[PDB]
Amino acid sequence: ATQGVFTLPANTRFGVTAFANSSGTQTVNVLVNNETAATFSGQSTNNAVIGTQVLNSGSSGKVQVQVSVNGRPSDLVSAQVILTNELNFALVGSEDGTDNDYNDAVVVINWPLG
């Protein structure tokens, strides 16, 4: 099934934050309405926050996360969780190798902000 694609409230600010846990340098791309809106990169095996940014979901609300290492797309896993019918987290894990820890780049999207 498609992973890393989320429908957010239209025209709404959201936070996107990426963490690295791999020997490989991670590159995380965030697409809003199918166009790159943010790119983060780094290399850590200790959960470095390689990027954090506030974006707007735009007219369509479509947000997609992609992750690659050495130009090869990582396999993604994702889900969205809503607390007290209001607080939202869109979650992404990714795997760049063979151990299946899926933490090589971890991405958290949160809204609402403010």
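In case it trips you up, residue 1 is the first one in the sequence shown, and so on.
- Just going by the entry, 30-38 versus 49-57 on mean CA temperature factor gives the higher value to 30-38.
- In this entry, 92-100 has the higher mean Cα B-factor, the comparison being between 92-100 and 12-20.
- Residues shown: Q43, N70, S78, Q64. Highest C-alpha temperature factor in the entry: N70.
- Each of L113, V108, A1, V5 has a CA temperature factor in the record; the biggest one is found at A1.
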